[PDB]
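Visitor: what would the 3D arrangement of this be:
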Amino acid sequence: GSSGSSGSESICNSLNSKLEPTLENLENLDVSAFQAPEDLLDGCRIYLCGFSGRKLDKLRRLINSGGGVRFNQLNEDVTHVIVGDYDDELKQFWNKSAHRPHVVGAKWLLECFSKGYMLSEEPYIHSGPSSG
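Guide: Residues are numbered from 1 along each chain as shown. For reference, the structure is listed below:
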């Protein structure tokens with residue numbers, strides 16, 4: 001006939017505060033973890049470029065979480081440019097308007113929402129490969 005039984009286990013599954021709020025774990029970054037303020041990036045228009053999968057979905061929840069505004073396009077309003085791999089549009093925008101936005105990696109954004117306050121972008125600048 002039928003007969004069975006269950007037991008106790010300890011598996012890992014998303015729920016509350018899972019994985020560190022680091023890029024390496026962006027797709028599994030609990031943006032809701034960041035105790036940062038809901039106005040972290042008050043009236044801060046940032047331009048997301050590169051991301052697509054969850055990484056982006058995050059920044060979206062982050063920026064918004066911090067009050068920031070996630071622009072679909074680039075412009076002179078852009079106060080920051082969170083790059084993940086490379087920002088092409090940036091080039092175009094540069095060929096359009098004359099401005100120098102802060103190009104950094106989500107990592108920064110995180111740290112910001114991690115420290116609760118905005119941090120330096122210089123220590124989080126996104127440059128190309130090679131050095132010389």
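Visitor: ok, and the closest non-adjacent residue to residue 18?
Guide: For residue 18, the nearest residue in space outside its immediate sequence neighbours is residue 30; the separation is 5.4 Å by Cβ to Cβ, 6 or more residues apart in numbering. Any C-beta I mention is one placed from the backbone N, CA and C, and that applies to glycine too.
Visitor: touching, the one you found and residue 20? I think so.
Guide: No - assessed by Cβ atoms under 8 Å, residue 30 is found out of contact with residue 20, at 9.1 Å.
Visitor: one step back: how much space between the residue nearest to residue 18 and residue 110?
Guide: Residue 30 sits 11 Å away from residue 110, taking Cβ to Cβ, to the nearest Å as the criterion.
Visitor: compare the two (neighbour count), which wins?
Guide: Using other Cβ atoms under 10 Å as the criterion, residue 30 and residue 110 rank with residue 110 on top: 27 against 17.
Visitor: does the more buried one count as helix, strand or coil?
Guide: helix (DSSP: H, G, I helix; E, B strand; the rest coil).
Visitor: against residue 4, how distant is it?
Guide: In terms of Cβ to Cβ, residue 110 sits 45 Å off from residue 4.
Visitor: same check, this time on residue 83
Guide: Counting by Cβ to Cβ, the separation of residue 83 from residue 4 is 53 Å.
Visitor: give me the more crowded residue out of those two.
Guide: residue 83 (21 against 4).
Visitor: check contacts around the more buried one.
Guide: By Cβ atoms under 8 Å, 6 or more residues apart in numbering, the residues touching residue 83 are 49-50, 90, 103-105, 126.
Visitor: residues contacting the closest residue to it other than its chain neighbours?
Guide: Nearest residue to residue 83 in three dimensions, chain neighbours excluded: residue 126, at 4.1 Å (Cβ to Cβ, 6+ apart). By Cβ under 8 Å, 6+ apart, the contact set of residue 126 is 83, 87, 103-105.
Visitor: nearest to residue 115 among the residues you listed?
Guide: Residue 115 lies nearest to residue 104 out of these, by Cβ to Cβ, at 14.3 Å.
Visitor: next structured bit after the longest helix seen in the chain?
Guide: Looking across the chain with DSSP state H, the single longest helix is helix 54-65. For helix 54-65, the following helix or strand on the C-terminal side (DSSP states H and E) is strand 69-71.
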